[PDB]
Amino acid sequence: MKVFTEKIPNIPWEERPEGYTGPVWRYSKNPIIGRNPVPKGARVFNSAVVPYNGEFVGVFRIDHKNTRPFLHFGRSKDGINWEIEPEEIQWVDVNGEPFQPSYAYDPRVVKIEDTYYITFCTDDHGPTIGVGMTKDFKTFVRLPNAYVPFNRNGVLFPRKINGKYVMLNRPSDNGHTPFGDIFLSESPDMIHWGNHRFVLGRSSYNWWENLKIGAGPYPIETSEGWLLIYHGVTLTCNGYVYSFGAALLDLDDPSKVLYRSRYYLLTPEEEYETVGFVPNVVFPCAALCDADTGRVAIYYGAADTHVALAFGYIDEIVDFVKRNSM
């Protein structure tokens, strides 16, 4: 199988536990960061990480000590030990005027051609998908929001498809949405979005994802299709439980689902996932894949309190998705 990502020789990595049978396993030293990450910060738990300049950089959601979310930039030599800026990213518009979001969270980072695009959730009389970019992680330029509210889990495909930018999104409500399907939209210019298509919806049969789902890491291009890692939610009598799984989408028409695992890849089990600000959440934010070895590192938010890592091999994950497909 072929994977169309970067060579990442120094990807964060840990071998699977002896005799471990699952496609994806936790970093034994999780969580890697979480409470009181910076002087103004209460919890860090989203981490849109990419390789950059032989190292790693990320855009992090940090809830400050008023519980309001901000996006901070961070750097890491190894992807495990992070230096995060104490202050939030400052955004300007294409004209260079300040264009600062009221609040911002749920960051995703993906390189398309020569530019890193950053999506995030922000207010515009309700949650919607904000869109920004940077070529150097120094100057952050914010574009007009992609949608009117209410929308979240916006993430871009890592290249144009048929000459169009393609945005996964997740139509929502004003509150703690009790539903949600993944759609995609296309744009000629990163501003005007159209030709929307339903991609993937909540399952009736698989209880882990029968309440709502939403895209996580940007879709990874393989010869087997776009590998989409997505979270799925179920509602118990005591609240939501967020897990994550994966699907494979047709390369030419990503709204066509080829395979989708009936079982999650990961669900809350460890203390740092089952206890915290929002208990019982594993929320995948970014995935690195070393094209040379097939090694995959997934960054996920745990309990809305910590950043954690999980590892696997891309071909095993793809196999898991196909074999557990309905």
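Numbers follow the displayed sequence, beginning with 1.
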Exercise. Determine, for stretches 121 to 129 and 167 to 175, which one has the higher mean CA B-factor as deposited.
Key: 167 to 175
Exercise. Taking the mean of the C-alpha B-factors per stretch from the entry, tell me the winner out of 108 to 116 and 176 to 184.
Key: 176 to 184
Quiz prompt | Ranked against its chain, the third holding the CA B-factor of residue 159 | solution = lowest
Quiz item: Mind checking which third residue 52 falls in for C-alpha B-factor across the chain?
Solution: highest
Quiz item: Can you tell me which third, lowest, middle or highest, the CA B-factor of residue 252 falls into for its chain?
Solution: highest
Quiz item: According to the PDB entry, is the CA B factor of residue 296 in the bottom, middle or top third of its chain, that is, lowest, middle or highest?
Solution: lowest
Exercise. Taking the chain's C-alpha temperature factors as the reference, tell me which third residue 285 falls into: lowest, middle or highest.
Key: highest
